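A.B. asks: Before anything else, here's the structure in question.
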Amino acid sequence: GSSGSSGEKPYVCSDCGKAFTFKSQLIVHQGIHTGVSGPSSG
Ligand SMILES: [Zn+2]
């Protein structure tokens, strides 16, 4: 959780909407969005 201590990462996934400090991190993350289709309780 976050309230107001640090800033906000520039890169932000589009599939789920996550955030990443470094681009590379995202490029690799986006991959995870290549199967998970079924529902998920949070
Ligand atoms: Zn994502």
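Note that the sequence shown ends on residue 1048 in the numbering used here; no numbers are left out.
Yeah, the Cβ is synthetic: ideal placement off N, Cα and C, and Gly gets one too.
Regarding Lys1024 and ligand 1, is the C-beta to nearest heavy atom distance less than 8 Å?
C.D. replies: yes
A.B. asks: With hydrogens ignored, establish whether the beta-carbon of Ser1020 is closer than 8 Å to any heavy atom of ligand 1.
C.D. replies: For ligand 1, at least one heavy atom lies less than 8 Å from the Cβ of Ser1020.
A.B. asks: Taking 8 Å as the cut-off, is the C-beta of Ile1038 nearer than that to any heavy atom in ligand 1?
C.D. replies: yes
A.B. asks: Taking just the CA atoms, how far does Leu1032 sit from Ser1047?
C.D. replies: 23 Å
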